[PDB]
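Asker: what's the 3D shape of this:
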Amino acid sequence: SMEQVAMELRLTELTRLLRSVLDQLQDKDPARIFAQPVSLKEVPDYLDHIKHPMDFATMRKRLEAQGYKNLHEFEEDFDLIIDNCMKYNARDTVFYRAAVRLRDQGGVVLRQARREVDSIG
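Answerer: Residues are numbered from 1 along each chain as shown. Take a look:
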């Protein structure tokens, strides 16, 4: 149908905007602490601690499958990255500190993306 096409073009355009958002958020992690999943070879007990792991590579796979239907879903996954880290790692660690800086800096980027999504429909 013409409606299913128009909806697909809306999803494609959301995917384009989310791809730019993801690139901007990932620049706020220059150390690449959040780039890939926590290794279960190197942290074999991780899943006993963290029930829903997340990382930027896993978000990028979901994105390119047009697996995010709205910004809320995408923010959910970003928030898991931060929140998982802040639970697993102690406050006095490079990991925790990197998450706090990512959260703080990403907030700005996400604030305007929410406006661009509401604005462009």
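
Asker: distance check, the nearest residue to residue 114 once chain neighbours are set aside against residue 102.
Answerer: Among residues not flanking residue 114 along the chain, residue 71 sits closest, at 6.3 Å (Cβ to Cβ, 6 or more residues apart in numbering). For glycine as for every other residue, the C-beta is placed from the backbone atoms N, C-alpha and C. Residue 71 sits 17 Å away from residue 102, going by Cβ to Cβ, to the nearest Å.

Asker: does the residue most central in space within the chain sit in a helix or strand, and which one?
Answerer: The structure's the chain has its C-alpha centroid closest to residue 78; by Cα atoms, centre = their mean the separation is 3.1 Å. Using DSSP states H and E, residue 78 sits in helix 71-88.

Asker: rewinding a little: among residue 71 and residue 102, which residue is more densely surrounded?
Answerer: residue 102 (21 against 18; other Cβ atoms under 10 Å).

Asker: got phi/psi on the more buried one?
Answerer: phi -60, psi -40 (degrees, to the nearest 10).

Asker: kindly report the same for residue 54.
Answerer: Dihedral angles (degrees, to the nearest 10) for residue 54: phi -150, psi 160.

Asker: use 20 as the first number from now on
Answerer: I'll keep to 20 as the first residue from here, and by that count the last item is residue 73.

Asker: right, and it touches residue 101 too?
Answerer: No. Counting by Cβ atoms under 8 Å, residue 101 is not a contact partner of residue 73; they are 9.1 Å apart.

Asker: neighbour count: those two, which is higher?
Answerer: Between residue 73 and residue 101, counted using other Cβ under 10 Å, residue 73 has the larger neighbour count: 22 against 19.

Asker: contact partners for that one?
Answerer: Residue 73 sits next to 96, 99-100, 103 when contact means Cβ atoms under 8 Å, 6 or more residues apart in numbering.

Asker: before we move on, the earlier item: settle this for me: the residue nearest to the centre of the chain is touching residue 125, isn't it.
Answerer: Yes. Counting by Cβ under 8 Å, residue 125 is a contact partner of residue 97 at 6.7 Å.
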